[PDB]
Amino acid sequence: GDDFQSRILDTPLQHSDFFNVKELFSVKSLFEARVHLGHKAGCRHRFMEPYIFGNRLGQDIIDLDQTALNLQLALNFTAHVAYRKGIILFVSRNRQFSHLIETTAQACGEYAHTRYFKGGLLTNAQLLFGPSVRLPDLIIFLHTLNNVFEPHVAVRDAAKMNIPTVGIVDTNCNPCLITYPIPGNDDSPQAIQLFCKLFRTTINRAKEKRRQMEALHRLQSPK
Amino acid sequence: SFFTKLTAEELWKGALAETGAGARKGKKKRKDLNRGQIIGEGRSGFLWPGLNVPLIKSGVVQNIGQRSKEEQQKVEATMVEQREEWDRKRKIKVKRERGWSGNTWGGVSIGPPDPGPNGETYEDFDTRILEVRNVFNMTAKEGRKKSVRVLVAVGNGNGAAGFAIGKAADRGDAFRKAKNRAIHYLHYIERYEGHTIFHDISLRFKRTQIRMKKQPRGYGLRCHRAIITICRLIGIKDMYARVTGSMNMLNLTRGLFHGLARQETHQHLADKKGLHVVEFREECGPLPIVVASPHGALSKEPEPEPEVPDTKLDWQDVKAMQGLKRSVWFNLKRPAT
Amino acid sequence: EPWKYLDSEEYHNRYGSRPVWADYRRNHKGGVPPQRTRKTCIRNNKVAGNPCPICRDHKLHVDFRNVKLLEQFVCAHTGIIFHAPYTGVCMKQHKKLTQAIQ
Amino acid sequence: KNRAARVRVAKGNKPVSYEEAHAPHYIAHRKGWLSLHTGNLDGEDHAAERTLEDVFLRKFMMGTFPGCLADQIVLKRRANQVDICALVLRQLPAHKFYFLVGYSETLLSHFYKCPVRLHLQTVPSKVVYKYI
RNA sequence: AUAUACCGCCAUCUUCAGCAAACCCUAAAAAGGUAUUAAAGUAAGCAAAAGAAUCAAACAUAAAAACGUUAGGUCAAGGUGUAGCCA
Ligand SMILES: [K+]
Ligand SMILES: [Mg+2]
Ligand SMILES: [Mg+2]
Ligand SMILES: [Mg+2]
Ligand SMILES: [Mg+2]
Ligand SMILES: [Mg+2]
Ligand SMILES: [Mg+2]
Ligand SMILES: [Mg+2]
Ligand SMILES: [Zn+2]
């Protein structure tokens with residue numbers, strides 16, 4: 001009874017890669033999708049210089065070795081959150097990828113907000129949605145900037161509500177408030193398409209893993 | 001005539017004259033006259049079964065009656081006593097405690113913040129006022145509109161505290177807005193052994209300089225009255241502080257929380273440098289007391305000990321140890337804080 | 001038997017486990033108070049406006065045998081007897097307390 | 001500005017009933033008439049006498065049920081019968097209401113020389129149409 | 001006696017478009033809070049609008065018109081605070 005619930009929720013945290021997210025991606029796979037391409041040196045943010053491999057003739061290059069480490073942590077965290085039945089909200093304001101990100105969220109079983117973000121959505125949610133509205137347990141920022149080249153309002157507002165954020169941060173982005181930054185290209189369709197696939201497979205695996213874990217432990221109770 | 005008589009609600013509205021040309025642009029008190037009247041009770045003293053007396057008494061169906069002149073006078077006098085007693089209750093009031101002065105709002109407790117969205121009670125938190133400004137502003141409604149800006153602080157006395165500013169046209173509204181906003185900005189303050197700060201703290205917030213000092217038990221709170229108020233909310237029991245420059249209440253409140261929330265616990269210092277943190281009390285002799293041990297790997301390189309430290313010293317702190325006479329105002333006998 | 005009072009229910013309800021001088025404030029002009037408290041709160045059976053913690057409660061007795069009361073007027077950490085402004089007792093009771101403690 | 005029978009706006013904290021909320025120009029549009037007799041119909045007499053009886057009957061009911069009336073009473077005259085329909089709060093004990101009905105009926109039947117009946121609908125508390 | 005204590009019932013701007021409250025946000029706020037290929041504002045009230053009336057339909061006409069402004073008018077519609085008269 002109590003042991004079974006403890007087994008479902010406490011066993012996954014005893015393994016470094018319980019969901020085996022390492023196999024989903026590789027440095028070569030990230031390099032095919034152009035995840036190492038950054039903005040020009042003029043557009044560089046000071047807090048991104050740790051993640052930049054160098055400047056290839058004006059174009060900053062993003063170290064895909066750090067990206068693999070950071071992406072591993074971000075995908076693992078996104079899986080445990082999905083495993084525990086937490087709410088995940090995908091957030092972006094890039095209009096080229098608005099439909100793709102809404103289709104990804106629907107496939108995963110999660111939520112997407114690709115439209116204009118209303119002031120107070122998270123800090124004043126009760127007024128907007130209702131008295132007992134449950135806020136997201138994790139926000140994945142495929143894009144952390146709005147269309148005026150400023151931080152998306154939900155980056156600061158998610159920190160105010162103590163919501164962890166998994167965000168894709170490029171050379172011009174500010175990762176300081178992103179809990180799990182993933183340094184990489186956010187503009188190329190092939191880069192965004194790869195990230196959307198990784199987040200969707202990871203979330204579906206964790207949800208499937210929970211179902212199987214529940215059946216095994218549940219079956220043991222009669223058996 | 002019976003047809004020129006109006007109800008009580010209309011009679012008091014006219015007599016009180018609350019809504020009027022004089023009232024709005026520049027004392028009569030309302031009373032309820034049906035408070036003590038029991039249906040069926042008249043000056044004549046008649047007794048009406050089923051209205052003002054039992055309908056059946058000891059199994060006997062009662063009939064109409066009237067009280068004697070003596071009995072009615074007693075009932076009349078009794079009601080007069082109850083009215084006077086009720087008036088005495090109205091006069092009686094529960095006095096609340098003053099703050100830093102009897103006519104000022106600083107230092108006055110206004111209770112805990114209101115419950116949260118899902119019945120999150122905050123009965124363990126206390127609210128204190130720090131500044132109350134009553135300022136008149138210019139708006140087309142009355143030409144010059146009124147506004148009350150109130151700075152408050154909240155804390156549970158166990159390390160969690162916060163402050164906020166509330167503005168409204170009414171002082172009551174400003175109190176509510178500031179009190180519930182501050183519960184959303186709760187810092188957690190680290191206390192050494194639950195009674196003092198972990199180390200000396202010196203900082204300048206804009207033009208307000210604060211200089212706090214860690215003190216032994218029983219030293220008390222020898223600080224600016226506003227710092228005493230906040231320290232009680234935080235839970236600090238023994239500390240010294242000096243405030244110089246501007247005495248702006250907001251800069252002092254912001255600067256205080258800025259320094260108290262950025263302090264380094266002994267465990268943090270042990271982890272950063274990898275060495276043991278040892279404490280030497282003069283009342284315990286040479287006995288070394290281990291207050292924090294590094295969580296990971298203990299280092300073996302001794303921390304460099306310079307022959308002469310390059311610390312930047314404050315003349316105010318050093319001046320005392322140099323034998324210079326202090327002011328007549330220093331270290332006076334004061335009530336327990 | 002003065003020590004009995006401090007163990008009775010009446011004491012607990014009025015004072016709890018806090019000292020008897022905890023909820024006392026002196027009325028004075030200015031922010032810095034005078035360096036001495038009033039000489040005495042009781043003169044010829046008359047009581048002053050804001051009787052001190054000892055004087056306001058008649059059942060409290062300053063006796064060397066009533067150690068539980070005396071401890072409230074001594075610092076637990078340094079063992080120094082508090083000066084009268086600290087607790088707000090009048091100078092008459094402070095001298096009497098100091099003699100009882102000694 | 002018109003001040004007639006208009007419960008003016010406060011600051012959103014004043015509980016007005018349906019009858020009080022509507023100004024005079026909504027009579028016959030959103031709210032009906034509290035008294036219904038035939039004395040104001042065309043070619044009918046005794047309007048003055050029916051109206052005077054109504055004024056008294058309203059002052060009598062307020063005093064006889066002091067603080068127990070949730071809304072204005074409704075007077076209905078059919079033939080020589082008078083019917084008083086009052087919403088009354090549940091403050092008084094039940095047996096007290098039986099006394100005031102027996103008293104107020106008999107007293108008004110011997111005063112106006114008609115059969116008078118009192119109809120009381122008890123509410124737990126005043127019904128609030130809107131907060132103005 | 002006092003409309004310069006008021007209620008009640010009105011005039012005036014006026015068929016002018018505003019008044020008031022609960023929240024949220026700011027490297028502090030004396031204040032402010034908009035961008036639609038959207039950048040912090042949100043969600044409810046009162047007025048307007050709509051609806052109803054002039055017994056089809058429209059238009060028109062009435063009605064409606066908040067908060068304030070003029071200590072505007074009315075103690076003589078009635079009621080009433082305070083002061084005054086009672087051979
Ligand atoms: K008037
Ligand atoms: Mg980019
Ligand atoms: Mg005073
Ligand atoms: Mg006037
Ligand atoms: Mg005149
Ligand atoms: Mg119409
Ligand atoms: Mg209209
Ligand atoms: Mg005038
Ligand atoms: Zn004394």
# chains A, B, ... in the order shown; residues from 1 in each chain; ligands from 1
$ residues_around --residues "residue 91 in chain C" --least-positions-apart "2" --cutoff "10 Å" --atoms "only C-alpha atoms (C1' of nucleotides)" --output "PyMOL selection string"
chain C and resi 36-41+83-85+88-89+93-97
$ write_last_selection --atoms "C-alpha atoms" --output "short mmCIF file (atom, residue, chain, number, x, y, z; two decimals), in the first residue's frame"
data_model
loop_
_atom_site.label_atom_id
_atom_site.label_comp_id
_atom_site.auth_asym_id
_atom_site.auth_seq_id
_atom_site.Cartn_x
_atom_site.Cartn_y
_atom_site.Cartn_z
CA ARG C 36 16.64 56.73 36.92
CA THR C 37 13.15 55.39 37.39
CA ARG C 38 10.69 57.03 39.76
CA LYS C 39 11.77 56.88 43.40
CA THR C 40 8.70 54.94 44.54
CA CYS C 41 5.28 53.98 43.21
CA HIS C 83 19.54 48.23 36.23
CA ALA C 84 16.16 49.66 37.15
CA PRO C 85 15.43 51.32 33.76
CA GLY C 88 11.11 49.66 34.82
CA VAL C 89 10.88 48.95 38.55
CA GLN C 93 11.87 48.14 44.73
CA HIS C 94 15.13 47.89 42.80
CA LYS C 95 17.16 48.41 45.98
CA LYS C 96 14.93 45.90 47.76
CA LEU C 97 15.37 43.42 44.90
#
$ closest_atom_pairs --of "chain C" --to "ligand 3" --cutoff "12 Å" --atoms "only C-alpha atoms and all ligand atoms" --output "tab-separated table"
residue	atom	partner	partner_atom_place_in_ligand_line	distance
C:27	CA	ligand 3	1 (Mg)	9.3
C:28	CA	ligand 3	1 (Mg)	9.7
C:29	CA	ligand 3	1 (Mg)	9.1
C:30	CA	ligand 3	1 (Mg)	10.8
$ write_last_selection --atoms "N, CA and C atoms" --output "mmCIF file, in the first residue's frame"
data_model
loop_
_atom_site.group_PDB
_atom_site.id
_atom_site.type_symbol
_atom_site.label_atom_id
_atom_site.label_comp_id
_atom_site.auth_asym_id
_atom_site.auth_seq_id
_atom_site.Cartn_x
_atom_site.Cartn_y
_atom_site.Cartn_z
ATOM 1 N N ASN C 27 6.092 55.846 30.814
ATOM 2 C CA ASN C 27 5.573 57.050 30.176
ATOM 3 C C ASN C 27 6.544 58.195 30.444
ATOM 4 N N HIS C 28 7.142 58.737 29.388
ATOM 5 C CA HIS C 28 8.110 59.814 29.540
ATOM 6 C C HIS C 28 8.151 60.652 28.272
ATOM 7 N N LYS C 29 8.538 61.914 28.433
ATOM 8 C CA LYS C 29 8.777 62.783 27.290
ATOM 9 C C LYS C 29 10.072 62.400 26.585
ATOM 10 N N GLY C 30 10.087 62.558 25.265
ATOM 11 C CA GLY C 30 11.277 62.287 24.490
ATOM 12 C C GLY C 30 11.440 60.815 24.172
#
$ residues_around --residues "residue 2 in chain A" --least-positions-apart "3" --cutoff "12 Å" --atoms "only C-alpha atoms (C1' of nucleotides)" --output "PyMOL selection string"
chain A and resi 5-10+217-218+221
$ write_last_selection --atoms "C-alpha atoms" --output "PDB file, in the first residue's frame"
ATOM      1  CA  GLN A   5       3.246   4.510  -3.605  1.00  0.00           C
ATOM      2  CA  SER A   6       6.712   5.111  -2.157  1.00  0.00           C
ATOM      3  CA  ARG A   7       8.172   2.699  -4.718  1.00  0.00           C
ATOM      4  CA  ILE A   8       6.549   4.461  -7.682  1.00  0.00           C
ATOM      5  CA  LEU A   9       7.663   7.940  -6.609  1.00  0.00           C
ATOM      6  CA  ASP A  10      10.958   7.283  -4.791  1.00  0.00           C
ATOM      7  CA  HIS A 217       3.257  -2.507  -8.354  1.00  0.00           C
ATOM      8  CA  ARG A 218      -0.545  -2.632  -8.481  1.00  0.00           C
ATOM      9  CA  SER A 221      -0.805  -6.085  -4.250  1.00  0.00           C
TER      10      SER A 221
END
$ atom_distance --atom1 "CA of residue 277 in chain B" --atom2 "CA of residue 265 in chain B"
10.5 Å
$ residues_near_ligand --ligand "ligand 7" --cutoff "8 Å" --atoms "only C-alpha atoms (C1' of nucleotides) and all ligand atoms" --output "number ranges by chain"
E: 48-50, 64
$ interface_residues --of "chain B" --to "chain E" --cutoff "10 Å" --atoms "only C-alpha atoms (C1' of nucleotides)" --output "NGL selection string"
:B and (3-6 or 10-23 or 25-26 or 28 or 140-142 or 149 or 165-167 or 177 or 250-251 or 254)
$ write_last_selection --atoms "C-alpha atoms" --output "PDB file, in the first residue's frame"
ATOM      1  CA  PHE B   3     -49.879  60.479   8.176  1.00  0.00           C
ATOM      2  CA  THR B   4     -46.972  62.936   8.554  1.00  0.00           C
ATOM      3  CA  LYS B   5     -44.830  60.407  10.459  1.00  0.00           C
ATOM      4  CA  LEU B   6     -41.708  58.985   8.803  1.00  0.00           C
ATOM      5  CA  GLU B  10     -35.440  58.639   7.046  1.00  0.00           C
ATOM      6  CA  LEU B  11     -35.418  60.521  10.362  1.00  0.00           C
ATOM      7  CA  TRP B  12     -31.764  59.757  11.117  1.00  0.00           C
ATOM      8  CA  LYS B  13     -30.682  60.506   7.540  1.00  0.00           C
ATOM      9  CA  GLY B  14     -31.975  64.061   7.882  1.00  0.00           C
ATOM     10  CA  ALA B  15     -30.813  64.694  11.441  1.00  0.00           C
ATOM     11  CA  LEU B  16     -27.293  63.325  10.958  1.00  0.00           C
ATOM     12  CA  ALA B  17     -26.782  65.489   7.846  1.00  0.00           C
ATOM     13  CA  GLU B  18     -23.943  63.276   6.623  1.00  0.00           C
ATOM     14  CA  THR B  19     -24.682  63.874   2.929  1.00  0.00           C
ATOM     15  CA  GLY B  20     -24.593  67.646   2.526  1.00  0.00           C
ATOM     16  CA  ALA B  21     -22.820  70.532   0.865  1.00  0.00           C
ATOM     17  CA  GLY B  22     -20.876  71.269   4.045  1.00  0.00           C
ATOM     18  CA  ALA B  23     -19.875  67.673   4.756  1.00  0.00           C
ATOM     19  CA  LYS B  25     -16.122  70.201   1.165  1.00  0.00           C
ATOM     20  CA  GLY B  26     -16.014  71.069   4.876  1.00  0.00           C
ATOM     21  CA  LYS B  28     -24.209  64.077  15.796  1.00  0.00           C
ATOM     22  CA  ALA B 140      -9.970  66.480 -11.516  1.00  0.00           C
ATOM     23  CA  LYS B 141     -12.443  64.780  -9.146  1.00  0.00           C
ATOM     24  CA  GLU B 142     -11.967  67.232  -6.256  1.00  0.00           C
ATOM     25  CA  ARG B 149       1.085  55.667   1.459  1.00  0.00           C
ATOM     26  CA  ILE B 165       4.271  49.630   0.345  1.00  0.00           C
ATOM     27  CA  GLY B 166       0.515  50.093   0.086  1.00  0.00           C
ATOM     28  CA  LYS B 167      -1.246  53.152  -1.334  1.00  0.00           C
ATOM     29  CA  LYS B 177      -2.838  46.452   0.477  1.00  0.00           C
ATOM     30  CA  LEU B 250      12.233  52.942   2.771  1.00  0.00           C
ATOM     31  CA  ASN B 251      15.984  53.008   2.122  1.00  0.00           C
ATOM     32  CA  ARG B 254      15.332  47.973   1.826  1.00  0.00           C
TER      33      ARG B 254
END
$ residues_near_ligand --ligand "ligand 2" --cutoff "6 Å" --atoms "only C-alpha atoms (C1' of nucleotides) and all ligand atoms" --output "number ranges by chain"
A: 170, 185-187
$ atom_distance --atom1 "CA of residue 79 in chain A" --atom2 "CA of residue 207 in chain A"
8.2 Å
$ atom_distance --atom1 "CA of residue 202 in chain A" --atom2 "CA of residue 179 in chain A"
18.2 Å
